[PDB]
Amino acid sequence: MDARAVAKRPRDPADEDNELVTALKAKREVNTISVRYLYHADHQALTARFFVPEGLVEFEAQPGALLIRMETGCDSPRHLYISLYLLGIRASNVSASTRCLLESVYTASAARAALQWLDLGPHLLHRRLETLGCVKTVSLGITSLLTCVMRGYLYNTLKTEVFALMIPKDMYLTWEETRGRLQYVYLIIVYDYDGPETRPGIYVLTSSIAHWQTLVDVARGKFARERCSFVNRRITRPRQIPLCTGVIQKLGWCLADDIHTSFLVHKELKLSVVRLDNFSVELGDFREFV
Amino acid sequence: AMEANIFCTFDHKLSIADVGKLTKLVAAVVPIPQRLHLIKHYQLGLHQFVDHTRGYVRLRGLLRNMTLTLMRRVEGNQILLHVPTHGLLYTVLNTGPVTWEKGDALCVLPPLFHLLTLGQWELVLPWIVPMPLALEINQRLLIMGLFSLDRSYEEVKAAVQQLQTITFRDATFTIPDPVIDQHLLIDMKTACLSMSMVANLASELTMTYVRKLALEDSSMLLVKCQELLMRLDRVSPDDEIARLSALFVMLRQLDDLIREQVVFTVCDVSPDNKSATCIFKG
Amino acid sequence: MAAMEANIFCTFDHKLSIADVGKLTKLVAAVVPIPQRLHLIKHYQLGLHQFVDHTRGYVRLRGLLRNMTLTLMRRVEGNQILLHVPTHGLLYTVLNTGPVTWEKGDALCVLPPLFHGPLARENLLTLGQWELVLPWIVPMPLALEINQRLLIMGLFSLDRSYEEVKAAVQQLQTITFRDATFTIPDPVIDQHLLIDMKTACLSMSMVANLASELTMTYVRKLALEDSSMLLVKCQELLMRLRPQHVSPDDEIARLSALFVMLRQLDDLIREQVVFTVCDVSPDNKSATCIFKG
Amino acid sequence: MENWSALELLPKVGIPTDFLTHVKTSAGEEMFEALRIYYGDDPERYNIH
Amino acid sequence: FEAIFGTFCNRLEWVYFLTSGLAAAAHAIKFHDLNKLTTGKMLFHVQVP
């Protein structure tokens with residue numbers, strides 16, 4: 001209340017003693033646990049633990065990959081956790097050589113089970129999937145354990161390693177050669193409305209545009225073949241009701257001076273990837289555009 | 001280092017069992033009409049909003065602009081509300097009728113099915129629900145309001161019986177009917193009238209405007225559009241100005257149902273499924 | 001490079017008077033557009049004076065203003081402007097400059113100014129053929145009304161004369177939002193307006209197709225039984241003149257696509273919430289606000 | 001416009017005032033010739049140029 | 001062997017403003033309120049010979 005408390009400098013939230021230290025020193029005991037600097041105290045990476053089977057943990061020992069979850073209508077698994085690299089089979093944008101490569105690495109039961117689950121219902125993928133963020137750790141037993149990051153950066157504990165998000169080259173998509181100073185990165189899923197080939201187009205867009213109207217306005221003009229395909233399937237097959245010709249959502253933002261190239265190695269099967277070093281995660285829900 | 005805690009006093013004598021009832025509702029959500037500092041309980045929740053002749057949609061339009069506070073602590077003669085900010089993470093109770101999982105996106109809904117009670121006061125808290133069930137409830141309620149006038153027939157009673165229940169994971173739950181005593185509430189009447197008006201104007205003016213635009217057609221897309229409209233289809237300009245402004249005002253009187261902003265996304269739920277940890281989002 | 005710094009020091013390279021700094025210290029906690037996001041920028045990029053083309057296309061300026069960076073002004077001292085960049089969801093106040101009245105609980109939006117003339121007498125920093133014009137911060141009803149009226153003028157200007165469109169210009173430009181008058185400064189037909197009209201007409205045909213039987217004839221059914229003032233106000237804007245089949249598992253997908261199409265229509269005029277004021281000042285000049293940027 | 005960056009920054013003499021009404025109403029019909037009504041801790045005094 | 005024959009830092013040429021002779025064209029004065037000044041003007045007055 002008085003002037004000294006508002007005239008005092010703010011208390012250092014780190015240099016003041018911890019709650020365990022001010023509990024110990026007031027009663028003066030000792031324990032075998034070293035206490036005086038708690039880990040993760042100066043953290044803003046909001047983590048979340050995740051359990052996964054062995055079939056979905058390949059290409060994940062190297063940290064940084066999209067842990068996008070799904071749901072099956074069957075009641076025993078209510079959700080499952082697909083990696084972005086495992087979504088490349090249903091990606092129509094993935095080339096046939098790269099698809100034949102990454103089908104030769106996910107040959108466990110869970111991956112192909114998810115692949116069968118993806119293309120079975122009467123829905124598209126945008127009401128089937130749900131994005132979470134990036135994985136940074138792996139316990140790697142038989143049933144592994146993943147710690148995603150919903151919001152914040154991607155760093156190791158004690159801040160000594162800024163982890164990086166990789167995306168495969170067949171999903172990378174930039175739209176201007178003069179890249180901006182700060183740029184954002186969005187998750188585009190488009191749909192070609194062919195009958196048999198309703199497998200969607202997966203894209204990870206990296207643009208300087210942060211607005212939503214001026215992003216979907218320049219997104220209508222870069223998928224006009226698929227837009228006209230939507231109108232074409234609307235007119236040649238009436239009394240069927242499709243929707244959400246494309247869907248975008250905000251994934252995060254990077255610094256645009258370190259988005260580079262690399263290659264993942266997993267059982268000596270290399271794969272050229274676009275690497276984003278100082279990635280941040282700021283999620284947005286699946287919005288759509290026609 | 002105290003945080004933003006709205007002091008919510010009461011205006012009534014409570015027993016010790018009343019506080020023992022109220023202390024079970026710690027990590028729950030509460031709607032507040034204004035970001036104030038000191039408040040009674042008459043402006044605490046939704047029972048101040050509940051009208052006899054107004055219904056679900058008019059409650060939801062007065063639910064988009066509420067500070068969704070929590071209840072950090074309860075003590076003698078006062079409650080400590082806790083305003084959340086976008087970015088942090090907080091524990092939210094599973095007070096909704098439907099359970100959640102790990103990774104869902106959660107939003108707010110009025111309580112369709114039926115806590116502290118006084119003589120004029122009943123403490124009521126809003127439903128917190130995942131997004132697909134929210135969209136399912138919206139598209140159920142609008143169509144069930146659309147079957148209001150033709151309710152007299154014998155098939156449509158079975159049709160609204162089918163539409164009355166929803167299905168989530170092990171949640172065979174049903175909703176109350178929007179129509180009471182064979183006439184629609186004015187809330188859902190406006191909600192359905194806006195949809196019927198925008199459909200009836202889209203089926204009337206779009207043909208004229210697309211054939212006006214077809215001379216400046218510089219894409220391979222608008223021609224398929226007007227061909228589609230032509231295949232479906234088998235005055236003074238102030239009327240056109242009035243019709244376009246009527247179209248846009250009936251669109252403006254509709255945006256409470258067309259979307260829902262994501263508020264919470266769960267991160268990990270408690271075992272036995274009574275609370276969860278959620279990062280708040282705007 | 002370094003990341004998005006919290007502080008942008010704007011330095012006036014000119015010489016200054018005293019009265020101009022007297023106006024400059026009144027404009028603390030106001031909004032500015034910034035395109036560069038450096039640390040020690042000059043005053044050329046500050047404000048919207050770099051965007052005044054010889055057409056002053058209002059839909060063009062409206063599309064360009066959202067692409068810039070909203071930033072708050074602080075610490076008006078001698079030839080230093082501490083521009084505080086915004087962050088997601090914090091709470092710090094603002095200061096309006098336009099004569100638009102504000103209330104509580106409503107949202108806010110950034111917009112190019114209105115009735116742009118010296119009769120309004122903007123005292124906005126005249127020096128060196130450069131006037132610092134500020135973006136207006138308007139609430140959501142006024143912004144929705146001006147966007148829907150600009151789209152009505154865009155869609156109405158097809159296949160009509162050069163006198164009836166002038167008769168619509170002289171009628172439509174008056175706005176009377178909350179007992180105050182605002183005209184539309186120089187609205188021109190533009191290619192940006194044209195492609196927004198194109199998307200709007202496509203979405204209008206998609207709702208014209210995706211509407212079911214009952215979803216169209218509900219107002220015609222209601223006009224036989226109930227009678228109100230709203231129905232007589234709207235039914236004389238429609239045309240003048242026992243369900244045969246009904247399948248709710250079809251209507252559920254019909255309305256599921258219909259809400260998507262109506263979202264695709266209404267997103268073209270309901271731009272983006274950029275400020276949500278919790279409480280205001282009673283003199284209606286400043287306001288405590290939420291979610292800067 | 002008067003130099004309002006000086007009157008609320010200098011040492012002023014005290015005066016027991018004699019107001020006719022509450023001061024917000026006395027500013028309502030221009031008993032003062034010029035006016036200024038700031039509300040919060042305004043930073044107009046926190047700078048000197 | 002993988003013999004390291006020494007690690008080498010980089011000591012810069014420590015340049016100060018006044019040891020550099022370009023400050024011979026400069027009259028350098030500190031001023032602790034420099035962001036509080038706006039325009040430093042001087043005047044002159046010459047009667048003609």
# chains A, B, ... in the order shown; residues from 1 in each chain; ligands from 1

$ select_by_dssp --residues "range 30-241 of chain B" --states "alpha helix (DSSP H)" --output "PyMOL selection string"
chain B and resi 56-61+131-146+154-164+186-213+222-232+237-241

$ closest_atom_pairs --of "chain D" --to "chain E" --cutoff "12 Å" --atoms "only C-alpha atoms" --output "CSV"
residue,atom,partner,partner_atom,distance
D:46,CA,E:36,CA,11.1
D:47,CA,E:36,CA,7.7
D:48,CA,E:36,CA,5.9
D:49,CA,E:36,CA,4.9

$ write_last_selection --atoms "N, CA and C atoms" --output "JSON list (two decimals), in the first residue's frame"
[["chain", "number", "residue", "atom", "x", "y", "z"],
["D", 46, "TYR", "N", 5.92, 13.68, -18.28],
["D", 46, "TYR", "CA", 7.10, 12.83, -18.21],
["D", 46, "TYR", "C", 8.07, 13.06, -19.37],
["D", 47, "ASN", "N", 7.93, 14.16, -20.10],
["D", 47, "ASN", "CA", 8.87, 14.48, -21.17],
["D", 47, "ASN", "C", 9.06, 15.99, -21.23],
["D", 48, "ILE", "N", 10.28, 16.38, -21.61],
["D", 48, "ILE", "CA", 10.65, 17.79, -21.76],
["D", 48, "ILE", "C", 11.46, 17.90, -23.04],
["D", 49, "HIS", "N", 11.00, 18.75, -23.96],
["D", 49, "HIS", "CA", 11.64, 18.92, -25.26],
["D", 49, "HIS", "C", 11.91, 20.40, -25.47]]

$ interface_residues --of "chain B" --to "chain C" --cutoff "6 Å" --atoms "only C-alpha atoms" --output "JSON, numbers by chain"
{"B": [86, 196, 199, 200, 202, 203, 206, 258]}

$ atom_distance --atom1 "CA of residue 31 in chain D" --atom2 "CA of residue 14 in chain D"
20.5 Å

$ closest_atom_pairs --of "chain C" --to "chain D" --cutoff "12 Å" --atoms "only C-alpha atoms" --output "JSON lines"
{"residue": "C:16", "atom": "CA", "partner": "D:49", "partner_atom": "CA", "distance": 10.7}
{"residue": "C:17", "atom": "CA", "partner": "D:49", "partner_atom": "CA", "distance": 10.4}
{"residue": "C:18", "atom": "CA", "partner": "D:49", "partner_atom": "CA", "distance": 8.0}
{"residue": "C:19", "atom": "CA", "partner": "D:1", "partner_atom": "CA", "distance": 9.6}
{"residue": "C:20", "atom": "CA", "partner": "D:49", "partner_atom": "CA", "distance": 11.1}
{"residue": "C:21", "atom": "CA", "partner": "D:49", "partner_atom": "CA", "distance": 7.8}
{"residue": "C:22", "atom": "CA", "partner": "D:3", "partner_atom": "CA", "distance": 9.0}
{"residue": "C:23", "atom": "CA", "partner": "D:1", "partner_atom": "CA", "distance": 10.6}
{"residue": "C:24", "atom": "CA", "partner": "D:44", "partner_atom": "CA", "distance": 10.3}
{"residue": "C:25", "atom": "CA", "partner": "D:44", "partner_atom": "CA", "distance": 6.6}
{"residue": "C:26", "atom": "CA", "partner": "D:44", "partner_atom": "CA", "distance": 7.4}
{"residue": "C:27", "atom": "CA", "partner": "D:44", "partner_atom": "CA", "distance": 10.0}
{"residue": "C:28", "atom": "CA", "partner": "D:43", "partner_atom": "CA", "distance": 8.2}
{"residue": "C:29", "atom": "CA", "partner": "D:43", "partner_atom": "CA", "distance": 10.0}
{"residue": "C:73", "atom": "CA", "partner": "D:43", "partner_atom": "CA", "distance": 11.9}
{"residue": "C:74", "atom": "CA", "partner": "D:43", "partner_atom": "CA", "distance": 9.0}
{"residue": "C:75", "atom": "CA", "partner": "D:47", "partner_atom": "CA", "distance": 7.7}
{"residue": "C:76", "atom": "CA", "partner": "D:47", "partner_atom": "CA", "distance": 7.0}
{"residue": "C:77", "atom": "CA", "partner": "D:47", "partner_atom": "CA", "distance": 5.7}
{"residue": "C:78", "atom": "CA", "partner": "D:49", "partner_atom": "CA", "distance": 5.3}
{"residue": "C:79", "atom": "CA", "partner": "D:49", "partner_atom": "CA", "distance": 8.9}
{"residue": "C:80", "atom": "CA", "partner": "D:49", "partner_atom": "CA", "distance": 10.6}
{"residue": "C:81", "atom": "CA", "partner": "D:47", "partner_atom": "CA", "distance": 11.8}
{"residue": "C:93", "atom": "CA", "partner": "D:40", "partner_atom": "CA", "distance": 10.9}
{"residue": "C:95", "atom": "CA", "partner": "D:42", "partner_atom": "CA", "distance": 11.8}
{"residue": "C:280", "atom": "CA", "partner": "D:39", "partner_atom": "CA", "distance": 11.2}
{"residue": "C:281", "atom": "CA", "partner": "D:39", "partner_atom": "CA", "distance": 7.9}
{"residue": "C:282", "atom": "CA", "partner": "D:39", "partner_atom": "CA", "distance": 9.2}
{"residue": "C:283", "atom": "CA", "partner": "D:37", "partner_atom": "CA", "distance": 8.7}
{"residue": "C:284", "atom": "CA", "partner": "D:39", "partner_atom": "CA", "distance": 11.0}
{"residue": "C:285", "atom": "CA", "partner": "D:38", "partner_atom": "CA", "distance": 9.7}
{"residue": "C:286", "atom": "CA", "partner": "D:39", "partner_atom": "CA", "distance": 9.4}
{"residue": "C:287", "atom": "CA", "partner": "D:40", "partner_atom": "CA", "distance": 10.8}
{"residue": "C:288", "atom": "CA", "partner": "D:40", "partner_atom": "CA", "distance": 11.1}

$ select_by_dssp --residues "range 77-184 of chain C" --states "strand (DSSP E or B)" --output "MDAnalysis selection string"
chainID C and resid 77 80:84 91 94:95 107:111 126:127 130:131 136:139 175 182

$ write_last_selection --atoms "N, CA, C and O atoms" --output "mmCIF file, in the first residue's frame"
data_model
loop_
_atom_site.group_PDB
_atom_site.id
_atom_site.type_symbol
_atom_site.label_atom_id
_atom_site.label_comp_id
_atom_site.auth_asym_id
_atom_site.auth_seq_id
_atom_site.Cartn_x
_atom_site.Cartn_y
_atom_site.Cartn_z
ATOM 1 N N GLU C 77 9.606 11.905 -26.787
ATOM 2 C CA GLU C 77 10.616 12.865 -26.378
ATOM 3 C C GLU C 77 11.224 13.484 -27.634
ATOM 4 O O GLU C 77 10.707 13.313 -28.741
ATOM 5 N N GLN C 80 12.639 11.215 -30.784
ATOM 6 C CA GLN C 80 12.627 9.788 -30.515
ATOM 7 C C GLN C 80 11.184 9.357 -30.329
ATOM 8 O O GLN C 80 10.430 10.000 -29.596
ATOM 9 N N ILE C 81 10.798 8.276 -30.997
ATOM 10 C CA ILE C 81 9.474 7.693 -30.832
ATOM 11 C C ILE C 81 9.673 6.217 -30.530
ATOM 12 O O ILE C 81 10.142 5.463 -31.392
ATOM 13 N N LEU C 82 9.366 5.808 -29.300
ATOM 14 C CA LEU C 82 9.493 4.412 -28.906
ATOM 15 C C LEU C 82 8.241 3.686 -29.370
ATOM 16 O O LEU C 82 7.170 3.824 -28.778
ATOM 17 N N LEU C 83 8.356 2.914 -30.439
ATOM 18 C CA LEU C 83 7.235 2.153 -30.961
ATOM 19 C C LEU C 83 7.236 0.787 -30.293
ATOM 20 O O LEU C 83 8.143 -0.023 -30.515
ATOM 21 N N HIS C 84 6.233 0.555 -29.456
ATOM 22 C CA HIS C 84 6.046 -0.732 -28.809
ATOM 23 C C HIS C 84 5.287 -1.648 -29.756
ATOM 24 O O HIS C 84 4.148 -1.350 -30.139
ATOM 25 N N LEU C 91 -2.517 -6.684 -22.222
ATOM 26 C CA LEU C 91 -3.475 -5.633 -21.900
ATOM 27 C C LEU C 91 -2.740 -4.311 -21.738
ATOM 28 O O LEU C 91 -2.068 -4.093 -20.725
ATOM 29 N N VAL C 94 -5.077 2.293 -25.420
ATOM 30 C CA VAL C 94 -4.994 2.923 -26.730
ATOM 31 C C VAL C 94 -5.433 4.378 -26.599
ATOM 32 O O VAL C 94 -5.695 4.875 -25.505
ATOM 33 N N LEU C 95 -5.505 5.062 -27.740
ATOM 34 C CA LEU C 95 -6.013 6.427 -27.811
ATOM 35 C C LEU C 95 -6.576 6.633 -29.206
ATOM 36 O O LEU C 95 -5.826 6.543 -30.181
ATOM 37 N N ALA C 107 -15.710 -4.968 -30.251
ATOM 38 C CA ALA C 107 -14.408 -5.170 -30.860
ATOM 39 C C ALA C 107 -13.990 -3.916 -31.620
ATOM 40 O O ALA C 107 -14.730 -2.934 -31.707
ATOM 41 N N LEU C 108 -12.780 -3.941 -32.174
ATOM 42 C CA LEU C 108 -12.269 -2.824 -32.952
ATOM 43 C C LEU C 108 -11.530 -3.352 -34.173
ATOM 44 O O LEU C 108 -11.117 -4.512 -34.226
ATOM 45 N N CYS C 109 -11.380 -2.476 -35.164
ATOM 46 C CA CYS C 109 -10.760 -2.810 -36.435
ATOM 47 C C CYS C 109 -9.980 -1.604 -36.930
ATOM 48 O O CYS C 109 -10.319 -0.455 -36.628
ATOM 49 N N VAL C 110 -8.942 -1.880 -37.704
ATOM 50 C CA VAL C 110 -8.124 -0.853 -38.334
ATOM 51 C C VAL C 110 -8.706 -0.550 -39.710
ATOM 52 O O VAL C 110 -9.229 -1.441 -40.391
ATOM 53 N N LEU C 111 -8.686 0.722 -40.102
ATOM 54 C CA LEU C 111 -9.334 1.125 -41.340
ATOM 55 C C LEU C 111 -8.674 2.388 -41.868
ATOM 56 O O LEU C 111 -8.124 3.167 -41.083
ATOM 57 N N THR C 126 2.113 18.625 -40.358
ATOM 58 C CA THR C 126 2.480 19.149 -41.666
ATOM 59 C C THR C 126 3.944 19.596 -41.672
ATOM 60 O O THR C 126 4.326 20.542 -40.974
ATOM 61 N N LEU C 127 4.769 18.887 -42.447
ATOM 62 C CA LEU C 127 6.160 19.264 -42.676
ATOM 63 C C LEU C 127 6.654 18.546 -43.922
ATOM 64 O O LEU C 127 6.361 17.360 -44.108
ATOM 65 N N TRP C 130 4.761 16.122 -46.350
ATOM 66 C CA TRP C 130 4.556 14.830 -45.703
ATOM 67 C C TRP C 130 3.650 15.050 -44.502
ATOM 68 O O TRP C 130 4.034 15.738 -43.553
ATOM 69 N N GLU C 131 2.448 14.491 -44.554
ATOM 70 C CA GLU C 131 1.494 14.565 -43.456
ATOM 71 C C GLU C 131 1.298 13.167 -42.891
ATOM 72 O O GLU C 131 0.936 12.244 -43.626
ATOM 73 N N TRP C 136 -7.708 4.946 -38.889
ATOM 74 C CA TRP C 136 -8.817 5.009 -37.953
ATOM 75 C C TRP C 136 -9.013 3.665 -37.269
ATOM 76 O O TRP C 136 -8.841 2.605 -37.878
ATOM 77 N N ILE C 137 -9.368 3.712 -35.992
ATOM 78 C CA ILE C 137 -9.780 2.527 -35.254
ATOM 79 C C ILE C 137 -11.282 2.633 -35.051
ATOM 80 O O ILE C 137 -11.760 3.507 -34.321
ATOM 81 N N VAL C 138 -12.033 1.753 -35.705
ATOM 82 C CA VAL C 138 -13.491 1.829 -35.670
ATOM 83 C C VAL C 138 -14.051 0.545 -35.068
ATOM 84 O O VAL C 138 -13.414 -0.510 -35.160
ATOM 85 N N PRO C 139 -15.205 0.585 -34.412
ATOM 86 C CA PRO C 139 -15.823 -0.656 -33.940
ATOM 87 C C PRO C 139 -16.374 -1.481 -35.094
ATOM 88 O O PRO C 139 -16.465 -1.040 -36.242
ATOM 89 N N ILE C 175 -23.325 7.625 -43.993
ATOM 90 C CA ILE C 175 -23.428 6.664 -42.904
ATOM 91 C C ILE C 175 -23.806 7.439 -41.650
ATOM 92 O O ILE C 175 -23.258 8.515 -41.393
ATOM 93 N N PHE C 182 -20.516 10.132 -41.584
ATOM 94 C CA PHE C 182 -19.244 9.806 -42.214
ATOM 95 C C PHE C 182 -19.490 9.468 -43.673
ATOM 96 O O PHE C 182 -20.296 8.584 -43.978
#

$ interface_residues --of "chain A" --to "chain B" --cutoff "10 Å" --atoms "only C-alpha atoms" --output "MDAnalysis selection string"
chainID A and resid 10:11 13 44 46:50 68:70 73:76 78:81 127 130:132 148:152 224:225 227:229 231:232 234:236 238 282:285 287

$ residues_around --residues "residue 39 in chain C" --least-positions-apart "4" --cutoff "9 Å" --atoms "only C-alpha atoms" --output "JSON, numbers by chain"
{"C": [5, 6, 7, 8, 9, 10]}

$ residues_around --residues "range 190-207 of chain A" --least-positions-apart "4" --cutoff "6 Å" --atoms "only C-alpha atoms" --output "PDB file with C-alpha atoms, in the first residue's frame"
ATOM      1  CA  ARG A  90      -2.075 -39.958 -48.926  1.00  0.00           C
ATOM      2  CA  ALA A  91      -0.354 -36.788 -50.151  1.00  0.00           C
ATOM      3  CA  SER A  92      -0.952 -36.513 -53.886  1.00  0.00           C
ATOM      4  CA  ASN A  93       1.860 -33.946 -54.070  1.00  0.00           C
ATOM      5  CA  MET A 171       5.332 -30.564 -49.184  1.00  0.00           C
ATOM      6  CA  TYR A 172       7.385 -27.360 -49.137  1.00  0.00           C
ATOM      7  CA  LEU A 173       5.840 -24.437 -50.990  1.00  0.00           C
ATOM      8  CA  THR A 174       6.983 -20.822 -51.217  1.00  0.00           C
ATOM      9  CA  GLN A 183       7.604 -14.906 -42.298  1.00  0.00           C
ATOM     10  CA  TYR A 184       4.868 -17.256 -41.130  1.00  0.00           C
ATOM     11  CA  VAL A 185       4.173 -20.854 -42.080  1.00  0.00           C
ATOM     12  CA  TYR A 186       0.734 -22.381 -42.642  1.00  0.00           C
ATOM     13  CA  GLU A 226      -8.496 -27.692 -58.191  1.00  0.00           C
ATOM     14  CA  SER A 229     -12.214 -29.372 -60.456  1.00  0.00           C
ATOM     15  CA  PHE A 230     -14.461 -28.785 -57.438  1.00  0.00           C
ATOM     16  CA  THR A 245     -12.125 -27.317 -51.374  1.00  0.00           C
ATOM     17  CA  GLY A 246      -9.079 -26.174 -49.434  1.00  0.00           C
TER      18      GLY A 246
END

$ residues_around --residues "residue 279 in chain A" --least-positions-apart "6" --cutoff "8 Å" --atoms "only C-alpha atoms" --output "mmCIF file with N, CA and C atoms, in the first residue's frame"
data_model
loop_
_atom_site.group_PDB
_atom_site.id
_atom_site.type_symbol
_atom_site.label_atom_id
_atom_site.label_comp_id
_atom_site.auth_asym_id
_atom_site.auth_seq_id
_atom_site.Cartn_x
_atom_site.Cartn_y
_atom_site.Cartn_z
ATOM 1 N N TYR A 153 8.978 -22.259 -28.234
ATOM 2 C CA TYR A 153 10.060 -22.607 -29.139
ATOM 3 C C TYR A 153 10.280 -24.118 -29.118
ATOM 4 N N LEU A 154 11.362 -24.569 -29.745
ATOM 5 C CA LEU A 154 11.763 -25.974 -29.733
ATOM 6 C C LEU A 154 13.190 -26.031 -29.207
ATOM 7 N N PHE A 163 16.078 -26.965 -31.096
ATOM 8 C CA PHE A 163 15.681 -28.004 -32.029
ATOM 9 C C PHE A 163 14.989 -27.394 -33.241
ATOM 10 N N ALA A 164 14.955 -28.163 -34.324
ATOM 11 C CA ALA A 164 14.537 -27.668 -35.626
ATOM 12 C C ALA A 164 13.466 -28.572 -36.211
ATOM 13 N N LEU A 165 12.493 -27.965 -36.881
ATOM 14 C CA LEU A 165 11.414 -28.707 -37.521
ATOM 15 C C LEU A 165 11.778 -28.963 -38.976
ATOM 16 N N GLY A 252 2.953 -21.675 -37.559
ATOM 17 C CA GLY A 252 3.882 -20.906 -36.754
ATOM 18 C C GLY A 252 4.565 -19.825 -37.553
ATOM 19 N N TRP A 253 5.757 -19.445 -37.102
ATOM 20 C CA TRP A 253 6.545 -18.453 -37.814
ATOM 21 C C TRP A 253 8.024 -18.730 -37.610
ATOM 22 N N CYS A 254 8.811 -18.409 -38.630
ATOM 23 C CA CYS A 254 10.258 -18.540 -38.557
ATOM 24 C C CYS A 254 10.919 -17.215 -38.910
ATOM 25 N N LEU A 255 12.246 -17.236 -38.966
ATOM 26 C CA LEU A 255 13.029 -16.016 -39.059
ATOM 27 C C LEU A 255 13.450 -15.674 -40.479
#

$ residues_around --residues "range 6-19 of chain E" --least-positions-apart "4" --cutoff "9 Å" --atoms "only C-alpha atoms" --output "PyMOL selection string"
chain E and resi 23-24+28

$ write_last_selection --atoms "N, CA, C and O atoms" --output "short mmCIF file (atom, residue, chain, number, x, y, z; two decimals), in the first residue's frame"
data_model
loop_
_atom_site.label_atom_id
_atom_site.label_comp_id
_atom_site.auth_asym_id
_atom_site.auth_seq_id
_atom_site.Cartn_x
_atom_site.Cartn_y
_atom_site.Cartn_z
N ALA E 23 38.96 13.21 -35.06
CA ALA E 23 38.41 14.06 -34.02
C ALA E 23 39.12 15.41 -33.91
O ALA E 23 38.64 16.27 -33.16
N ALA E 24 40.24 15.61 -34.61
CA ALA E 24 40.80 16.95 -34.76
C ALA E 24 39.86 17.87 -35.53
O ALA E 24 39.93 19.09 -35.35
N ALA E 28 34.16 17.70 -29.37
CA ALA E 28 33.37 16.64 -28.76
C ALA E 28 33.02 17.00 -27.33
O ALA E 28 33.91 17.19 -26.49
#

$ interface_residues --of "chain A" --to "chain C" --cutoff "7 Å" --atoms "only C-alpha atoms" --output "count of residues only"
11
